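A short write-up of the structure that comes next.
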Amino acid sequence: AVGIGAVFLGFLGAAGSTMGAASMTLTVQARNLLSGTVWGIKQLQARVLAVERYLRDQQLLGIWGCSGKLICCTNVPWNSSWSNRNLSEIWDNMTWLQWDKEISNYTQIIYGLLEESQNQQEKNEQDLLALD
Amino acid sequence: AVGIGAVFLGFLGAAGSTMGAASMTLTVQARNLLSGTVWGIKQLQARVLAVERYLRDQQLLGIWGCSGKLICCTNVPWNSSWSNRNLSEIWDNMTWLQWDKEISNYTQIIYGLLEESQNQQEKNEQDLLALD
Amino acid sequence: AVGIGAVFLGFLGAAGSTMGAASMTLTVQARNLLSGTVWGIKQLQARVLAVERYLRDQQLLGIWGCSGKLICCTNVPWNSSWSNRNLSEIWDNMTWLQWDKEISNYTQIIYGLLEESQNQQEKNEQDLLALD
Amino acid sequence: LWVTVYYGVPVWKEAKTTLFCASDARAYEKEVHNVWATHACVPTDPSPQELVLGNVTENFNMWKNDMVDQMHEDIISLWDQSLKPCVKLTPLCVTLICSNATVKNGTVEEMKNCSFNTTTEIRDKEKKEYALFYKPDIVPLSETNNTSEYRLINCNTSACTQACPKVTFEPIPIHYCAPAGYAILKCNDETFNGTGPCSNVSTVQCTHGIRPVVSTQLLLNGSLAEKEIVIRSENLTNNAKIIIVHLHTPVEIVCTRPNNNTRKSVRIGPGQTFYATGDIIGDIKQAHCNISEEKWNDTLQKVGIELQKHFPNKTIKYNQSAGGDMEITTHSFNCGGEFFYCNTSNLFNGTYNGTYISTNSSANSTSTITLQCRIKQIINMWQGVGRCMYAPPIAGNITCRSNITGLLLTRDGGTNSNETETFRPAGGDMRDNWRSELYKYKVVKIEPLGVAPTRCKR
Amino acid sequence: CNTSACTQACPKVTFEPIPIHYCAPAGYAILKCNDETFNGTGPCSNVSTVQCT
Amino acid sequence: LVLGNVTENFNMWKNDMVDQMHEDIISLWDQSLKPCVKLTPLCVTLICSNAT
Ligand SMILES: *[C@@H]1O[C@H](CO)[C@@H](O[C@@H]2O[C@H](CO)[C@@H](O[C@@H]3O[C@H](CO[C@H]4O[C@H](CO[C@H]5O[C@H](CO)[C@@H](O)[C@H](O)[C@@H]5O)[C@@H](O)[C@H](O[C@H]5O[C@H](CO)[C@@H](O)[C@H](O)[C@@H]5O)[C@@H]4O)[C@@H](O)[C@H](O)[C@@H]3O)[C@H](O)[C@H]2NC(C)=O)[C@H](O)[C@H]1NC(C)=O
Ligand SMILES: *[C@@H]1O[C@H](CO)[C@@H](O[C@@H]2O[C@H](CO)[C@@H](O[C@@H]3O[C@H](CO[C@H]4O[C@H](CO[C@H]5O[C@H](CO)[C@@H](O)[C@H](O)[C@@H]5O)[C@@H](O)[C@H](O)[C@@H]4O)[C@@H](O)[C@H](O)[C@@H]3O)[C@H](O)[C@H]2NC(C)=O)[C@H](O)[C@H]1NC(C)=O
Ligand SMILES: *[C@@H]1O[C@H](CO)[C@@H](O[C@@H]2O[C@H](CO)[C@@H](O)[C@H](O)[C@H]2NC(C)=O)[C@H](O)[C@H]1NC(C)=O
Ligand SMILES: *[C@@H]1O[C@H](CO)[C@@H](O[C@@H]2O[C@H](CO)[C@@H](O)[C@H](O)[C@H]2NC(C)=O)[C@H](O)[C@H]1NC(C)=O
């Protein structure tokens, strides 16, 4: 929605801040996931391990329709048993680093509720184009 | 679209079904294209052969404006000599595995007819934004 | 849009033409950035030196909102001190190969003025959805 | 106006990379490890065609290229790799008692009949063997009171590995290809000196087939210039630069070893053999090379006129080589297995004053200049490579017939306000053999992300 | 000693046949024919897909 | 995972899995003998009497 990029705060400078402050500076952690140089067979693996990881994060966001390095809001209903917390006590004081300790037990079954049906809404868009 | 994902049917469970049923399940075949572990110089090739083949499929769908792992419908006209078959006798009984035997001979020249004019419509959208 | 490709001029055939004529043919240079074969340890790096470069060009365009291989126009103001030239004396006679000789002194800070936060207009769009 | 980015932009930056090898398909019909090209290189194809570009003008340069140094390192490491499974000799550092090799009631002047005690495959037992060794391979042992006891020229500095008889030294052509994201620019100017701007540039993926020919003082089986003889130097003012002359038309040289050698196998240790020369079955004759005299005189007059382009008032003299060790002052090459070291003082003896003399009204149209060659087997070939190799003998007479396409001259020091400015042959650094072939090519990195202003706003 | 020189097998390594699973890389699959009357050449009408044999 | 109505051709006698496994077992068995003793001083003359 704009041409601009990442901020000068450095690779992990937003760690320890709020969830809203770490909703900014996402571009910097997105930027620093690729590099390359040479120290032989021990380091050549450290080349390809930079790729095998990164495309995996380009898999799932391509699965969910997000398709980038951005905020991607969906319409899967949040089950209240996952956090049992309102928006203001999550976003204004908590950190991502300690929010992951509460959500990481449930991220797999969240992916298990992001599991079943993106392709049929792609088919719904195709039905809206073709039939309608 | 919706913010959901794959199906539970496994990697190739839709093989042998119809084109309608294999127009579902498309996310699973696109999700199992990357993995990583170690058995030395014989297996290191099996790492990079996972990536060199994956990004090529991310090339062409990026060329055609599809830009993802999804249903992507165009407006290039279908020459009738390629199949000489109507819609219902393709999508309701035929399998993708046996449709590829009929379409693979002409797939190269179909991609050749998928090699003319994307760059000029990106210029046309630039004309629609700038001039209009 | 249209799901179609490139031109028959070959890999660098638009070099030496105008900026308008090399605003065509852009698909061809983008398609020939990946290949694969084997000549051992001297060539295996020559495999990954493709991918380690190519995903880098998929990083920056993934950040700037472009997300592909296309024309991507922004709303960042052009500082006049960079070229001091109008549009017709750039686009109709100059070559990209000699435009880069003038612009590459400044491309770091032009990329540098494409910095801080695309993330905030991934937030404002969310402010159009969550709040409005 | 607003900033706008473009992907797929043809913008170049010259850079270093790792180019890889491509060889033609028919060599893959042969067995593995015969030549290094057929073992692992990729199969080339004429599908990446030569594509002429637009109005591009691009700078090229030979003398600080990276392709020639990379090719030199590849040939060093590949030839080192080819000698790993072969026999390392080592029980051949014994004392050799070398008498006269009186081949059928007459002595040979080049070969000694050296007898030595070999350890057999049973390491407590020994047997006496004999072999005929060339005199460049043989050094007298010490200052002791015995003139009949000799030694190999090694064992003082290194231990030589015998070259395997199943691998060949045939120069299969090598195509150097840039990886994906890079391109190879080829300068198509026929009058191209090798340094400066080229106004007719093309883009290729894989270079033309370079013959890895190892040769000093002449260039064999190389590519030919399109319309005129091209004289290349880094700077012609400096005397210490090797002047590479590139001929428009080749001169055919035919080389031969006439005496009918044989091959004799000596089993050294468990299951590995040492191949040496046995008897000479016939009569003793001189190994030699032949060049046509009229064509060589015409070629030297033409090299005179395009040398006189840079030296306008002076005549052109050719002198013999500077002298020294035989590996330096002789035309050293490989005539199908055997390493020839030919004397070139008959070729480079003449002068050109300014007037061209036609080859007509000759004394005889079949007159030939004959060079007399020595043959070696212990090849101190390079450095950092496993620096020596024993070349096993090959049975029968041998002939080879090749084309001279280049010369490696060197101007003498400036003195006496000289009217002639004489030139001598030179060699010893092998990069100049491959720098004369990689003169058209350069490697460039594609930078496809570009920035331009336009009226588009997001 | 007439043809080669034998190296002694190390006493700390074993000749025991530990089973080996052959796996295809990512982007490939292994088809297993489940026909019990299968001769070994021809069509199989009961095929499954597996990653590691 | 059992599949649907797929019928697929199989063949043993020109498979590539068996040749690759043969090459792997050859190269792995060669690799396992590299650090071991090569003998070589056992090529001496052996005086062999009856092992009574
Ligand atoms: C394959 O071939 C082998 C040779 O190639 C052969 O080995 C030889 O076998 C013969 C036949 O037995 C031996 O010859 C006999 O040696 C005895 C010596 O016995 C006394 O000494 C031993 C210690 O041995 C020392 O002496 C010998 C001979 O001088 C030396 O070679 C050796 O290096 C030692 O220095 C000692 O332990 C004995 O004491 C034991 O036995 C007594 C009873 O006899 C017990 O009461 C006591 O508690 C203890 O247990 C004994 O005092 C000699 O007396 C004979 O006259 C004869 O010379 C060779 O020594 C032997 N050589 C080698 C190198 O081993 C293999 O037998 C043969 N194998 C097969 C299957 O065919
Ligand atoms: C280089 O130098 C080597 C030695 O260092 C030379 O080899 C020797 O050459 C001499 C000269 O010819 C040989 O001596 C002669 O041998 C005659 C034997 O001929 C009869 O026997 C033949 C089989 O040879 C056996 O006998 C000889 C002598 O006892 C043994 O040494 C052999 O090992 C064999 O057991 C038959 O085939 C043949 O028909 C004859 O019946 C003998 O009659 C002479 O009196 C004389 O001694 C000598 O045998 C060679 N030794 C070896 C080891 O080859 C070699 O020729 C030199 N070559 C050159 C080019 O200079
Ligand atoms: C080459 O010369 C030698 C030496 O003269 C010849 O051999 C001997 O000749 C002498 C007399 O000339 C005789 O006493 C010996 O009996 C000869 N010995 C042998 C073994 O022949 C020899 O004949 C000459 N020719 C050749 C072909 O070797
Ligand atoms: C070994 O020598 C013979 C004769 O000395 C060679 O035969 C000649 O080969 C040339 C090749 O150009 C022909 O022109 C001649 O007609 C041949 N015969 C004669 C009688 O000269 C033979 O080629 C040589 N062997 C090798 C491998 O070169």
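Order determines the names: the first chain of the structure tokens is A, the second B, and so forth; residues in each chain are numbered 1 upward, and ligands are numbered 1 upward as they are shown.
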Practice task
Could the residues of chain A within 12 Å of chain D, counting only C-alpha atoms, be given as a ChimeraX atom specification, please?
Solution key: /A:1-4
Could you find all residues in segment 58-91 of chain A that DSSP calls helix (DSSP H, G or I) from the backbone, and write them as a PDB file with C-alpha atoms, in the first residue's frame?
```
ATOM      1  CA  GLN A  58       6.866 -18.788   2.420  1.00  0.00           C
ATOM      2  CA  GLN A  59       4.876 -22.017   2.213  1.00  0.00           C
ATOM      3  CA  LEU A  60       2.343 -21.483   5.002  1.00  0.00           C
ATOM      4  CA  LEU A  61       1.635 -17.806   4.308  1.00  0.00           C
ATOM      5  CA  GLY A  62       1.114 -18.819   0.689  1.00  0.00           C
ATOM      6  CA  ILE A  63      -1.283 -21.524   1.889  1.00  0.00           C
ATOM      7  CA  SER A  80     -12.008 -18.637  23.686  1.00  0.00           C
ATOM      8  CA  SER A  81     -10.249 -21.522  25.467  1.00  0.00           C
ATOM      9  CA  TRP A  82      -6.964 -20.642  23.714  1.00  0.00           C
ATOM     10  CA  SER A  88      -6.440  -4.633  25.550  1.00  0.00           C
ATOM     11  CA  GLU A  89      -4.714  -6.908  28.078  1.00  0.00           C
ATOM     12  CA  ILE A  90      -3.035  -8.776  25.199  1.00  0.00           C
ATOM     13  CA  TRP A  91      -1.924  -5.984  22.890  1.00  0.00           C
TER      14      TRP A  91
END
```
* To do: Identify, on the basis of only C-alpha atoms, every residue whose closest approach to residue 35 of chain E does not exceed 9 Å; exclude the query and any residue fewer than 2 positions from it along the same chain; express the result as a VMD selection string.
  => chain E and resid 33 37 to 38 44 to 47
Given 8 Å and only C-alpha atoms and all ligand atoms, residues near ligand 3 as a count of residues only: 3
Exercise. Report as a list in words the set of chain F residues whose atoms approach chain B to within 10 Å, with distances computed over only C-alpha atoms.
Key: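 Those within range of chain B come out as residues 1, 2, 3, 4, 5, 6, 7 and 24 of chain F.
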| task | Please identify all polymer residues within 6 Å of segment 22-39 of chain C, counting only C-alpha atoms, omitting same-chain residues fewer than 6 positions from it, and present them as a list in words. | result | residues 6, 7, 11 and 14 of chain C; 8, 40, 41, 180 and 181 of chain D
With only C-alpha atoms considered, list every residue of chain F at most 9 Å from chain E, as a CSV table (one decimal) with C-alpha atoms, in the first residue's frame.
```
chain,number,residue,atom,x,y,z
F,1,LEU,CA,-1.6,-44.7,2.2
F,2,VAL,CA,-3.8,-46.7,-0.2
F,3,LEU,CA,-4.8,-44.7,-3.2
F,4,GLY,CA,-8.0,-44.6,-5.3
F,5,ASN,CA,-8.7,-46.3,-8.6
F,6,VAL,CA,-5.1,-45.9,-9.9
F,7,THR,CA,-3.5,-48.7,-12.1
F,8,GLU,CA,0.2,-48.3,-12.4
F,9,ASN,CA,2.9,-50.2,-14.4
F,10,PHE,CA,5.8,-51.7,-12.4
F,11,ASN,CA,8.9,-53.5,-13.5
F,12,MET,CA,11.9,-55.0,-11.8
F,13,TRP,CA,14.5,-55.8,-14.4
F,17,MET,CA,16.7,-48.4,-7.3
F,21,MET,CA,21.6,-49.6,-4.0
F,32,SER,CA,34.4,-48.8,5.8
F,33,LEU,CA,37.8,-50.3,4.9
F,34,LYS,CA,39.8,-47.0,4.6
F,35,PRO,CA,41.1,-46.6,8.3
F,36,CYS,CA,41.9,-50.3,8.7
F,37,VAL,CA,45.4,-51.9,8.4
F,38,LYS,CA,46.4,-52.6,4.8
F,39,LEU,CA,48.7,-55.4,5.9
F,40,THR,CA,51.6,-55.4,3.2
F,43,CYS,CA,53.7,-60.8,1.4
```
- All residues having an atom within 9 Å of ligand 4 (only C-alpha atoms and all ligand atoms) as a list in words: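 These are the residues that qualify: residues 256, 257, 258, 259, 260, 396, 397, 398, 399 and 400 of chain D.
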task: Please run DSSP on the backbone and report, as number ranges by chain, all residues within chain C that come out as strand (DSSP E or B).
output: C: 71-77
Notebook entry, point to check: Quick one: which residues from chain F are at most 8 Å off chain D, using only C-alpha atoms, as a list in words?
Noted result: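 Filtering chain F at 8 Å from chain D with only C-alpha atoms gives residues 41, 43, 44 and 45 of chain F.
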Same residues, N, CA and C atoms, saved as an mmCIF file, in the first residue's frame:
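Saved the output as result34.cif:
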```cif
data_model
loop_
_atom_site.group_PDB
_atom_site.id
_atom_site.type_symbol
_atom_site.label_atom_id
_atom_site.label_comp_id
_atom_site.auth_asym_id
_atom_site.auth_seq_id
_atom_site.Cartn_x
_atom_site.Cartn_y
_atom_site.Cartn_z
ATOM 1 N N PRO F 41 53.347 -56.068 4.921
ATOM 2 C CA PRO F 41 54.479 -56.951 5.254
ATOM 3 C C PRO F 41 54.137 -58.426 5.412
ATOM 4 N N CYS F 43 53.329 -60.226 2.679
ATOM 5 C CA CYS F 43 53.695 -60.845 1.410
ATOM 6 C C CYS F 43 55.036 -61.572 1.459
ATOM 7 N N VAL F 44 55.577 -61.860 2.645
ATOM 8 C CA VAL F 44 56.839 -62.586 2.733
ATOM 9 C C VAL F 44 56.632 -64.061 2.388
ATOM 10 N N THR F 45 57.747 -64.772 2.229
ATOM 11 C CA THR F 45 57.679 -66.218 2.072
ATOM 12 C C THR F 45 57.216 -66.862 3.368
#
```
_Counting only C-alpha atoms and all ligand atoms, what are the residues, protein, DNA or RNA alike, that approach ligand 1 to within 10 Å? I want them as a list in words._
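Here is the list of contacting residues: residues 47, 48, 49, 50, 51 and 52 of chain F.
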| Please, which residues of chain B lie no more than 6 Å from chain C when the count uses only C-alpha atoms, and can they be set out as a PyMOL selection string? | chain B and resi 63-65+74-75+114-118
Just N, CA and C atoms for this one: save the residues we selected as a JSON list (two decimals), in the first residue's frame.
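Listed below is the output, again_33.json:
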```json
[["chain", "number", "residue", "atom", "x", "y", "z"],
["B", 63, "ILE", "N", 4.98, -15.75, -13.25],
["B", 63, "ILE", "CA", 4.96, -15.15, -14.58],
["B", 63, "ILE", "C", 3.52, -14.88, -15.02],
["B", 64, "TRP", "N", 2.64, -15.84, -14.76],
["B", 64, "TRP", "CA", 1.27, -15.78, -15.27],
["B", 64, "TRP", "C", 0.35, -14.96, -14.38],
["B", 65, "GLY", "N", 0.87, -14.34, -13.33],
["B", 65, "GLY", "CA", 0.07, -13.53, -12.44],
["B", 65, "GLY", "C", -0.69, -14.30, -11.39],
["B", 74, "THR", "N", -7.50, -17.79, -16.43],
["B", 74, "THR", "CA", -6.97, -16.76, -17.31],
["B", 74, "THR", "C", -8.07, -16.29, -18.27],
["B", 75, "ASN", "N", -7.65, -15.53, -19.28],
["B", 75, "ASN", "CA", -8.49, -15.19, -20.42],
["B", 75, "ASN", "C", -7.71, -15.34, -21.73],
["B", 114, "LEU", "N", 1.07, -19.04, -23.65],
["B", 114, "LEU", "CA", 1.24, -18.33, -22.39],
["B", 114, "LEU", "C", 2.56, -17.56, -22.32],
["B", 115, "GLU", "N", 3.14, -17.18, -23.47],
["B", 115, "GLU", "CA", 4.34, -16.35, -23.58],
["B", 115, "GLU", "C", 4.21, -15.15, -24.51],
["B", 116, "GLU", "N", 3.18, -14.31, -24.39],
["B", 116, "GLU", "CA", 3.15, -13.10, -25.22],
["B", 116, "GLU", "C", 3.08, -11.80, -24.41],
["B", 117, "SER", "N", 2.10, -11.65, -23.52],
["B", 117, "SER", "CA", 1.61, -10.30, -23.26],
["B", 117, "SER", "C", 1.28, -9.91, -21.81],
["B", 118, "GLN", "N", 2.00, -10.43, -20.81],
["B", 118, "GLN", "CA", 1.74, -10.01, -19.43],
["B", 118, "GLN", "C", 2.33, -8.64, -19.17]]
```
- Message: Give me, as a VMD selection string, the set of residues whose atoms come within 12 Å of any atom of ligand 2, counting only C-alpha atoms and all ligand atoms.
- Response: chain D and resid 96 to 109 111 to 117 127 to 133 261 to 262 264 277 to 284
